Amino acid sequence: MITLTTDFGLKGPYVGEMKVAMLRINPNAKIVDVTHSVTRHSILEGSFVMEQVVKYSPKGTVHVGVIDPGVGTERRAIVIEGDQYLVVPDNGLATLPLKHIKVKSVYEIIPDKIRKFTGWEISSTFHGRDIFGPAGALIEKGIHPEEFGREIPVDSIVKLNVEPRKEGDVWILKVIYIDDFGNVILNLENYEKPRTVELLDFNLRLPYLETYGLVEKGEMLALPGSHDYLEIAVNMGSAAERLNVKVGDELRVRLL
């Protein structure tokens, strides 16, 4: 199957257009919507979203990702062939997902070849419908990427900077994601299970417990989350609205 991640929004024809276009090229493709509400142009959030889906997807799955603020410009459209596939703009969007994929090859999609398979013209502002979507549909049915692209160096693709630095014993982490519940996710993984977590920027000591219900309603806590990162949440409340933080912001955190 093919998963879809974009920032197109839900109030319009964009998502539908991409889907029917994909079905034109592969009518029996099983298309799974991850989300289309990724913050406009937010490559980092889009990357986090895909990273999570990729972690639980069956090997052989095709992932189309489209947070393309640079659509129409000279940025490359690539295909990452490996354990699973990634069809995304060469803008760093593949960074997080790549952490969980055994890469075999990378290909730059060639617009002229892709239009050979689609039949319709390639717009300058909607590549998800004219390039990325079709490309995903082609791979799903067995077409090799070589057929519509040229290989490129694996290490020649834009990579985002998502790893945290540490000043002594203090962690300087960043908010890589915020869900609809207001739960805040921080770019810290593989750490040792703390007993407490202090958000030095707020002079708050937090209990580090397994789940929301372990603290009373309205109270804040830290948990190992469900995506292997450090999570900060308010039981039945919004941790984001408390600490009043955003994706991209940095926080000094000390793990006790």
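Each residue number is its position in the shown sequence, starting from 1.
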State which stretch shows the higher mean Cα B factor in the entry: 177 to 185 or 132 to 140.
177 to 185
May I ask you to compare 228 to 236 and 243 to 251 by their mean CA B factor in the entry and name the higher one?
243 to 251
Kindly indicate the residue among 28, 42, 203, 57 with the greatest C-alpha B-factor in the PDB record.
203
Among the candidates 61, 52, 35, 196, give the one with the maximum CA B-factor reported in the record.
196
Lowest, middle or highest third: which one holds residue 127 when the chain's residues are ordered by CA B-factor from the entry?
lowest
Which third of the chain does residue 105 land in by C-alpha B-factor: lowest, middle or highest?
middle
State the tercile, meaning the lowest, middle or highest third, of residue 222 with respect to the CA B-factors recorded for its chain.
middle
Using only modelled residues of the chain, where does the Cα B factor of residue 256 rank: lowest third, middle third or highest third?
highest
Lowest, middle or highest third - CA B-factor, residue 77
middle
